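Written out below as structure tokens is the structure these notes cover.
Number of protein chains: 2
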Amino acid sequence: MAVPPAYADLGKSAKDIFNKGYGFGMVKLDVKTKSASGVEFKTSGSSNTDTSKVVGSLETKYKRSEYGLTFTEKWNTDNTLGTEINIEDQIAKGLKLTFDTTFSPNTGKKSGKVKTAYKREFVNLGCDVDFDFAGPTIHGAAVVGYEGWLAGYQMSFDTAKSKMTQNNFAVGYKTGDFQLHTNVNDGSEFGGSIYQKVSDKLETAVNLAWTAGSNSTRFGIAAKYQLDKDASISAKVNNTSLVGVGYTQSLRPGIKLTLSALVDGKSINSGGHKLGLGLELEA
Amino acid sequence: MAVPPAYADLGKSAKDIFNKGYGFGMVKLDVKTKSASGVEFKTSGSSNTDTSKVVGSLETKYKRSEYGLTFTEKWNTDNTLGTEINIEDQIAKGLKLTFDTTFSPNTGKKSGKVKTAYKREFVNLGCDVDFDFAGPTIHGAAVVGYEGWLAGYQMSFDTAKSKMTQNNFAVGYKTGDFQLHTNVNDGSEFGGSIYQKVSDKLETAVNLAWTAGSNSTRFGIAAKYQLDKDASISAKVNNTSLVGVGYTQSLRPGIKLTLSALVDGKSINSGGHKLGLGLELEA
């Protein structure tokens, strides 16, 4: 089953080291409940410490594995309504067809897209069509993989402006507990990442970024240490001397609390320091 | 055991209806852990949504029931250090002696007090002495109780200014699931409260406040409904049309999450609305 990850998921494990475990400047509550009928609910809510912009949301998910059907309804505090229809492994295998819609009964605006995915051995393909105010826009991504090596191309195109708006390449290589990933976005932005699971308890990642049109280089070191099986500690630092720390505790299987802090170097009296609270409830 | 509550606790059950279950404008984390050695830890931390003033704290508590000894150490983010010593039921019974101290290694300031309590049938007494910059200040409270009826007097006195700074009376009456409380503070502020446990699930409270020097009257209605044994819902409204709502869920015995909101009447585009998150962890 050498079925590659989709282009968007290349370098995921390293990104997850750098990004989850943290939640600076926000307080977050995510609740996944389940009714007797089998339809499940997700209610998210987040608040910025500065803007005081509270966002709320409810999602309702209904499944029918027999037809490969997922039906999702979405509500948020912007009064925006969403509806998603997934049809997997029916028109063919393994082909996934998706219809996504959004509508806002205040501003009248209405948007939609048709997503398509095709998973197989050595090949993971995708083609989306976004219908909006300046539509349509065609997205296409392709990833081939054989024996650890990975090769991907991502592309987007405004049909109206007759203009290519995305042109990205990716080369990857995994040897199990070690991932290497590189990308070239628009012939301008160059990126690289390295994931390494050194021990049972220690995970480690490294970020690199550079662009022509400058001698500008940004890079980062990240790590995640699994104290016991119910507690975890993340830490990271970049070349701007921003130090991130995070600590996540599963109080009970299903309930995760997360504390995070961002500390600027060097500072005491004058620095942009941030805190973060995150709570995940799974019932 | 008709041992009355202390003056500060008169009307507690009604106050608890009105006040806990809510946490407007704050996010709060309280953690009560316990070491093998028997010494217990409390770490609190709260953050205002506006001022962005994060406060942190650690308290360490060591006991020795055999001598009636409680020894508490306190640390906070203001770098203020605290130390409390409790000696109960030793000099006599039931007499409690308390030494409280605080010191700030930044501003050099240092404060302390000697608290004394005397519990008995029909009588609950208290006398504190605060040593500060303008010290000392003597506090005294007395509550007598017989067959539901309650009578209390509270008093404070600056010995330096030779000035009485507190003169309060209280009359109460309880008939089990019904409490009535009234107070006269400084001959100016008049207050009253009524608690009523109507059902197993429904608790109810009413607040009243008036002062001479005005025709100013403020009052409030409060209620707490026990949905199931692990969930609870609070609501309240005053005469300024401020509507409070709160919902607390014990996810597991020991873990309580609390959501609260304050809604102004009448408003949509222009009103001071507040949210609140509170989390209690007991391990």
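So the sequences go chain by chain: A and B.
If you're matching positions, the first sequence starts at 2 in our numbering and goes up one per residue.
If you're matching positions, the second sequence starts at 2 in our numbering and goes up one per residue.
Quick reminder that beta carbons are idealized off the backbone N, C-alpha and C, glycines included.
Using DSSP with H/G/I as helix, E/B as strand and the rest coil, what is residue i?
i: B/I86; result: strand
i: A/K275; result: strand
i: A/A232; result: strand
i: A/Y68; result: coil
i: B/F134; result: coil
i: B/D265; result: strand
i: A/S14; result: helix
i: A/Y23; result: coil
i: A/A161; result: coil
i: B/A142; result: strand
i: B/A9; result: helix
i: B/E148; result: coil
i: A/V4; result: coil
i: B/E190; result: strand
i: A/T44; result: strand
i: A/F123; result: coil
i: B/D79; result: coil
i: A/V246; result: strand
i: B/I92; result: coil
i: B/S105; result: coil
i: B/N168; result: strand
i: A/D129; result: strand
i: A/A118; result: strand
If you compare alpha carbons, which of the options is closest to residue i?
i: B/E74; options: B/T52, B/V40, B/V172; result: B/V40
i: B/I195; options: B/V172, B/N49, B/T166; result: B/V172
i: B/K267; options: B/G277, B/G221, B/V244, B/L278; result: B/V244
i: B/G177; options: B/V199, B/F191, B/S163, B/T212; result: B/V199
i: B/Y63; options: B/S217, B/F170, B/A37; result: B/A37
i: A/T61; options: A/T166, A/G83, A/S53; result: A/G83
i: A/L181; options: A/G255, A/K16, A/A118, A/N168; result: A/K16
i: A/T99; options: A/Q250, A/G109, A/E85; result: A/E85
i: B/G255; options: B/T218, B/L276, B/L263, B/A232; result: B/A232
i: B/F179; options: B/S189, B/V207, B/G221; result: B/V207
i: A/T259; options: B/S14, B/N125, B/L280; result: B/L280
i: A/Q250; options: A/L228, A/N270, A/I269; result: A/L228
i: B/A284; options: B/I269, B/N270, B/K35; result: B/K35
i: B/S45; options: B/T78, B/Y119, B/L203, B/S66; result: B/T78
i: B/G221; options: B/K230, B/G192, B/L30; result: B/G192
i: A/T103; options: A/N125, A/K97, A/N80, A/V124; result: A/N80
i: A/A262; options: A/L276, A/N168, A/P106, A/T108; result: A/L276
i: A/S242; options: A/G272, A/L252, A/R253, A/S215; result: A/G272
i: A/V124; options: A/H274, A/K94, A/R219, A/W211; result: A/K94
i: B/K202; options: B/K230, B/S189, B/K110, B/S217; result: B/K230
i: A/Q167; options: A/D187, A/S14, A/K97, A/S105; result: A/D187
For chain B, is any of its Cβ atoms less than 8 Å away from the one on residue i?
i: A/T50; result: yes
i: A/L59; result: no
i: A/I256; result: yes
i: A/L228; result: no
i: A/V28; result: yes
i: A/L82; result: no
i: A/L263; result: no
i: A/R253; result: yes
i: A/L276; result: yes
Just checking: is the beta-carbon of residue i within a distance shorter than 8 Å of some beta-carbon in chain A?
i: B/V55; result: yes
i: B/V246; result: no
i: B/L282; result: yes
i: B/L243; result: no
i: B/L98; result: no
Assuming residue i contacts residue j (C-beta within less than 8 Å), just tell me the rounded distance between them.
i: A/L209; j: A/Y174; result: At roughly 15 Å, the Cβ-Cβ gap does not stay under 8 Å, so A/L209 and A/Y174 are not in contact.
i: B/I18; j: B/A213; result: 28 Å between Cβ atoms; not a contact.
i: A/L278; j: B/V185; result: In fact, because the Cβ distance is near 43 Å, the residues do not count as touching under 8 Å.
i: B/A3; j: B/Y147; result: 7 Å
i: A/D90; j: A/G57; result: No, A/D90 and A/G57 are not in contact; Cβ-Cβ is about 34 Å, not under 8 Å.
i: A/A135; j: A/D159; result: 7 Å
i: B/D51; j: B/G12; result: Contact doesn't hold; Cβ gap of about 30 Å is too wide.
i: B/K33; j: B/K43; result: 5 Å
i: A/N87; j: A/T71; result: 4 Å
Any heavy atom of ligand 1 within a distance shorter than 7 Å of the CB on residue i?
i: B/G266; result: The model on display carries no ligand, and ligand 1 is accordingly not part of it.
Exercise. Does the region 133–143 of chain B touch the region 5–25 of chain B, meaning 3 or more C-beta pairs lie closer than 8 Å?
Worked result: Yes, the region 5–25 of chain B is in contact with the region 133–143 of chain B.
Problem set entry | the region 231–249 of chain A / the region 20–29 of chain A touching (three or more Cβ pairs under 8 Å) | Contact between the region 231–249 of chain A and the region 20–29 of chain A is present, because at least three Cβ pairs lie under 8 Å.
Exercise. Looking at C-beta atoms only, is the number of pairs between the region 121–140 of chain A and the region 152–161 of chain A that lie closer than 8 Å three or more?
Worked result: When C-beta atoms of the region 121–140 of chain A are compared with those of the region 152–161 of chain A, three or more pairs fall below 8 Å, so the two segments count as touching.
Exercise. Are there three or more Cβ pairs, one per stretch, closer than 8 Å when the region 113–120 of chain A is compared with the region 130–137 of chain A?
Worked result: Contact holds: three or more Cβ-Cβ distances are below 8 Å.
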